[PDB]
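**Q** Enclosed are the sequence and the experimentally obtained structure.
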Amino acid sequence: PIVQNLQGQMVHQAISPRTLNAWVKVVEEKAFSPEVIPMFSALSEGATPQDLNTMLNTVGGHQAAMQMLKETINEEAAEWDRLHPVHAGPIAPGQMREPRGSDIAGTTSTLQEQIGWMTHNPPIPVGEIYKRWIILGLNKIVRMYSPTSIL
Amino acid sequence: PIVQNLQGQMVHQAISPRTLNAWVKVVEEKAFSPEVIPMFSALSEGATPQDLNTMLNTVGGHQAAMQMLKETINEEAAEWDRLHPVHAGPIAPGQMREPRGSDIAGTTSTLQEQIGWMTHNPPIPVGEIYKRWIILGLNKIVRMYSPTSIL
Amino acid sequence: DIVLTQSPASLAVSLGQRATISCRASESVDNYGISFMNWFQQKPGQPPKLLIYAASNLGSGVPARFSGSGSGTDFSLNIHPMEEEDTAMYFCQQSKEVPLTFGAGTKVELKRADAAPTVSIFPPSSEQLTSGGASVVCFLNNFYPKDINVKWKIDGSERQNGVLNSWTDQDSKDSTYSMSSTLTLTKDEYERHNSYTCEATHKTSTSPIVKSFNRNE
Amino acid sequence: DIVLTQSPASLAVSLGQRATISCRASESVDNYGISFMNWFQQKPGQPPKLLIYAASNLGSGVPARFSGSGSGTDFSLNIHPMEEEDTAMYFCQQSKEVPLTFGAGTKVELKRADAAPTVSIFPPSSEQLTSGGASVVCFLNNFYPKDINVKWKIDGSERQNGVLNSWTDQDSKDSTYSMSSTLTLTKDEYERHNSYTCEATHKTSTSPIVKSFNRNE
Amino acid sequence: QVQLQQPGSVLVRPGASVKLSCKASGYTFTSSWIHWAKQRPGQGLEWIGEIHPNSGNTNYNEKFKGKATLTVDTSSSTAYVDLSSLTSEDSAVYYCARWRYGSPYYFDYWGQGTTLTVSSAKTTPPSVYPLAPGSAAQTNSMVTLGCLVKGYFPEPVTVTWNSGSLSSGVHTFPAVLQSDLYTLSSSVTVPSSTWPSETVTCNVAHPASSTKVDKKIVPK
Amino acid sequence: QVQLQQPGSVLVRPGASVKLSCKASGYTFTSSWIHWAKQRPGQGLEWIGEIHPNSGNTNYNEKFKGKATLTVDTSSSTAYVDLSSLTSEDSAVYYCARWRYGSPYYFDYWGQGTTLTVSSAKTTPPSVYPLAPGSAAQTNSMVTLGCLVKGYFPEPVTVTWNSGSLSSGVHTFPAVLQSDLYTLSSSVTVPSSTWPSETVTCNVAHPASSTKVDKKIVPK
Ligand SMILES: [Pb+2]
Ligand SMILES: [Pb+2]
């Protein structure tokens, strides 16, 4: 992680297996019940988009929900792009560039890149932003798929 | 993965959580005993550098060994560069470029990029090559840290 | 911006049939496996109405009759079966780049059988005349097609100056059109003549459909 | 390529002290947190020997006495405590870019107390003369410093033509140097003279240290 | 019941400026981006720009950059657009639309829109005149009548037949601007055996000039 | 005990070519990259290039590109370098070194190197002459003697004192090339009360000309 309490500069660490393994057991014991969201955020202490992608990937148990979460990530990522016109284009290759949806999501950003955004004047919380989009995906799942009936 | 039996073109799939979770349990139940290497490769069926980084990251239990593995990846990545002079430089930004050590390792290569190398005239097995370096890291650990004594 | 070219200006779709309008963007409105091309409808006087979002996703409370299709640069809003109330203006807007853009719209009119304009002319009421003015109002109502040619005949002489026109939107019920021709002049001018004729030429009859009156009563 | 400039051509390190030579690359020999600058030593006659790899990592079977330091562009091989056997040539090579390059080397000589050259001259043996030739061989042995100026005196006249020289490498034991001057001429030339003198000027004595002989016996 | 309520119509003189509103209701204002769109009668929708209530971020259309300024008032859930140096061109319907806060992004709610009039003409009441035929109108059991409201300004006028009760058969044509003045008409069709002995009056209301008149169409 | 064995020395005339060897032993040949380095007496090391046995890949120094060609023979664990259009400059010591296969990368083993001599001069035996002083040599219980091996070619000549048993005190100076011919000397120091009544002979062996001679330094 890195964006924990921001009291870390270019500093970074790989998600402790303790924490990662914890995510697995969490969804393993509780599935997608409403409590899957809170524990997710807890085991996501301002981490990098990759670390987050790792977590999701770790417990991507069934394509059913993973689809709902995927569709949402994509839509949010695209929305970000809508209001981020790259204002007349990122003319000339060599600039750090404004983070794009696919970049914040991790698909088109390198681990180093993500670090760069998380350690720059003004810090672009790529991981934190992405962590918000994922949660929107999780809570949409939970809503339209979680409990049984009026028991 | 993608570089399984090469009978996959631009085709690619994210590492099945079944396989990923399996890696965790494997190191969880057997630790860094000599059998950690074989199972690693098995759950690494011609995957992409990122998928591999995910796996390692997943079970990076203690900075002790993770250091030995890290130092080795870096040294191997640098050696690759030594004999890959980028022959007079990758003049003009826009070319796919020859994969660099940090690229093969996943730090400076995007998921899409890795795919490109694994699906191109003279397929550069970035993941396969990286998978070799990691193993050199794992077996160096195992050697200088694995059993107890003459029991 | 990112321009959107809509195919026809107008399209007459017979009832029960299929209306097809297309929208072509200067660029691919794609992103993360999503074609961000939206389709809206608009009845005269009210604000737009979302029909299809994401190029093919029907919106909430939009009849299945409206369908969307497309990817990247070419898209199409397909209506079938075309029902009467569907007389509306249709626009497509790209929700992809920051400066969201709209299409110039397509006017999808329902093709009903031809109908002859119920022409009816009126002389300037006493009151307008005292007002120093005089306008002969003519109503060409309930006709179809939209195209109608009205012409005035002051005492037989083709008056074409001092005449304004207004049409009505296609009635989303009986699918007809209705306009009005208003010859305006001076009370003097009015008294300087005698007979008056509103004359219309419209496919439902080769011969001039006309209405007239002579000042004399 | 990627050039490597080594600081001094030579360096005399007194025993027990610290030898410091430096290597400066035109570029940073860094990569993945590793400075790929290697240091080798070489004794006359044999191939190089790796002392330090990775700028500061001592090799296997290399005494701790040798140390490495540096990063990116500037590096330094530091010997301490300097011991006799260390008279050797030292080079640095970058194992970073495909065309691996080496430094021009530094000649680290051990600084021993000054010592006077044990001069000793020899006349052309009978056999060389019958061979039609004649060379007067002079040995300036076990001296220090390296700098010695020999000079010939044919009958008192300074002969400087027809004289070759060869030195010895610093003796990795008694740290001294040893050379030889060989005046060559014709048997005739030899007989056309009488007295001969090998003359050396070396800090261990301000006055000419000389050895001579007259043909007459 | 998210309500995007905004002024019916507005009349300003050229060279002035106007701050149009859009008092949002129903939903938590700071959740979604308010967009503004302009549409000239007989034309499509131009994008003016958008603004996000909880941040003030905006995206204007380069075209309108310089004419329109987007503001908000989270306190009283209202978004505004201030149109500078108003000219005749600016006269168009201005809609305010909410951009849904959720994953499926698109314009999910629209205000009824405010009609702007940038003109020099002054408010004048409509000269309503009754229209009745001579005697010819006698076909197919139907006779046509109608009111000609002439010379008013600005728009709009609400014409009705018999206090609104006479709906079927009416055709209230759009108003033309003849020399800084409007003129329109509204024909009503009655079943022959009716009007000469039945009330057929038009109620012409012109809110702008505070004038409302009634013209019982009577046989001349 | 990885052994990188390569020819002691080689003599070729100009305009020719030579294929130097490096018969690797001890380690699995196809595991590490063989490197070739040239060093002219009184000079540092130039990098000629490198080659990997299990792939044939190479990396030559641009300078040497055109002069040296790197080959291998995995079958007989031997790396070769073919030097084309040999000239006087080519005359230098050519080392073949192994680049270790493991993570810590660096030159880990070097062959003793082959000395090349590109010359026109012909092989000639050394005119060995004895050297004994007149009478002056009588200081500090030490007398100096020595052999002058003159006019031979090509190098090298192995000079020894008393079949090698007389080691301490010897100074075998390097050979100079006086007009396509070499000449050197080797002084030996004996304890005054020795040589006039003790065997002090030099054994001058010149493998090239198959000539070996002995010159017992005798008082003149
Ligand atoms: Pb139907
Ligand atoms: Pb010592």
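**A** Arrived safely, thanks for sending. Residues are numbered from 1 along each chain as shown, chains lettered A, B, ... in the order given. Ligands and ions are numbered 1, 2, ... in the order given.
**Q** any idea which element residue E:19 lies in?
**A** Element membership for residue E:19, per DSSP states H and E: strand E:18-20.
**Q** got the contact list for that strand?
**A** E:6-7, E:10, E:12, E:71, E:80-83, E:86, E:94, E:96, E:114, E:116 (Cβ atoms under 8 Å, 6 or more residues apart in numbering or on different chains). From N, CA and C alone the C-beta is placed, and that goes for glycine too.
**Q** next one: stretch C:9-19
**A** Contacts of stretch C:9-19 (Cβ under 8 Å, 6+ apart): C:20-21, C:77-84, C:86, C:104, C:106-112.
**Q** tell me the domain ranges of chain E?
**A** E:1-120, E:121-219 (curated CATH domains).
**Q** got CSV for the ones you listed, with mean neighbour count too?
**A** Listed next are the domains of chain E as CSV, based on neighbours: other Cβ atoms under 10 Å in any protein chain shown:
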stretch, mean neighbour count
domain E:1-120, 18
domain E:121-219, 18
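**Q** can I get the ones you listed in TSV with distance to residue A:84?
**A** Formatted as TSV, the domains of chain E follow (distance: least, Cβ to Cβ, whole Å):
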stretch	distance to residue A:84
domain E:1-120	9
domain E:121-219	41
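**Q** separation between the closest residue to chain F within chain A and residue B:63?
**A** Ranked by Cβ to the nearest Cβ, the top residue of chain A for proximity to chain F is residue A:14, at 20.9 Å. To residue B:63, residue A:14 is 9 Å away according to Cβ to Cβ, to the nearest Å.
**Q** And chain C, what are its domain boundaries?
**A** C:1-112, C:113-210.
**Q** Dump the ones you listed into TSV; add mean neighbour count as well.
**A** Below are those laid out as TSV (neighbours: other Cβ under 10 Å):
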stretch	mean neighbour count
domain C:1-112	19
domain C:113-210	18
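**Q** For residue F:33, which of these is the nearest?
**A** Between residue F:33 and the domains of chain C, the shortest gap by Cβ to Cβ is with domain C:1-112, which sits at 45.5 Å.
**Q** Can you name the residues of chain A sitting close to chain E?
**A** A:71, A:72, A:75, A:76, A:78, A:79, A:82, A:83, A:85, A:136, A:140 (Cβ under 8 Å from any Cβ of the partner chain).
**Q** wait, what's in contact with the fifth one?
**A** Contacts for residue A:78 were tallied using Cβ under 8 Å, 6+ apart; they are A:101, C:31, C:32, C:34, C:36, C:96, E:105.
**Q** got the contact list for the closest residue to it other than its chain neighbours?
**A** Leaving aside its chain neighbours, residue A:78 sits nearest to residue C:31 (4.2 Å; criterion: Cβ to Cβ, 6 or more residues apart in numbering or on different chains). Counting by Cβ under 8 Å, 6+ apart, residue C:31 makes contact with A:77, A:78, A:81, A:101, C:96.
**Q** Need the residues that contact the helix or strand encompassing residue C:109.
**A** In the assignment (DSSP H and E), residue C:109 maps to strand C:106-111. Residues outside strand C:106-111 that contact it (Cβ under 8 Å, 6+ apart): C:6-15, C:19, C:21, C:79, C:82, C:84, C:86-91, C:146, C:170, C:175.
**Q** Name the SS class of the residue of chain C found nearest chain D, please.
**A** Ranked by Cβ to the nearest Cβ, the top residue of chain C for proximity to chain D is residue C:32, at 33.2 Å. Following DSSP: H, G, I helix; E, B strand; the rest coil, residue C:32 is assigned to coil.
**Q** now the closest residue to residue C:175 other than its chain neighbours: how far from residue C:149?
**A** Spatial nearest neighbour of residue C:175, excluding adjacent residues (Cβ to Cβ, 6+ apart): residue C:112 at 3.9 Å. Noted for residue C:112: a distance of 20 Å to residue C:149, by Cβ to Cβ.
**Q** Next: residue E:77.
**A** Residue E:77 is 52 Å from residue C:149, by Cβ to Cβ.
**Q** what do you get for residue E:15?
**A** For residue E:15, the distance to residue C:149 - Cβ to Cβ - is 41 Å.
**Q** can you check residue E:79 too?
**A** 47 Å.
**Q** residue boundaries of the helices in chain C?
**A** C:126-130, C:187-191 (DSSP state H).
**Q** mind putting the ones you listed in TSV, distance to residue E:61 included?
**A** Listed next are the helices of chain C as TSV, based on distance: least, Cβ to Cβ, whole Å:
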stretch	distance to residue E:61
helix C:126-130	46
helix C:187-191	49
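**Q** now those helices in TSV, with distance to chain A?
**A** Output for those, formatted as TSV (distance: least, Cβ to the nearest Cβ, whole Å):
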stretch	distance to chain A
helix C:126-130	56
helix C:187-191	60
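**Q** buried residues in the biggest helix by length in chain A?
**A** Across chain A, the helix with the greatest residue count (assigned by DSSP H) is helix A:63-82. Using 16 or more other Cβ atoms under 10 Å in any protein chain shown as the test for burial, helix A:63-82 gives A:65-66, A:68-82.
**Q** Look at residue E:7 and tell me its secondary structure.
**A** Residue E:7 - assigned by three-state DSSP - is coil.
**Q** Quick check: phi and psi on the closest residue to it other than its chain neighbours?
**A** Leaving aside its sequence neighbours, residue E:7 sits nearest to residue E:114 (Cβ to Cβ, 6+ apart; 4.4 Å). Backbone torsions of residue E:114, given as degrees, to the nearest 10, read phi -100, psi 130.
**Q** Which strand residues bridge residue E:114?
**A** Beta-bridge pairing for residue E:114 (DSSP bridges): residue E:94.
**Q** wait, it sits on residue E:8?
**A** Yes: with contacts counted by Cβ atoms under 8 Å, residue E:114 reaches residue E:8, the gap being 6.8 Å.
**Q** how about the helices in chain A?
**A** A:17-30, A:36-42, A:49-58, A:63-82, A:101-104, A:111-117, A:126-143.
**Q** Could you export those as TSV, including distance to residue F:23?
**A** Listed next are the helices of chain A as TSV, based on distance: least, Cβ to Cβ, whole Å:
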stretch	distance to residue F:23
helix A:17-30	50
helix A:36-42	63
helix A:49-58	50
helix A:63-82	60
helix A:101-104	55
helix A:111-117	46
helix A:126-143	57
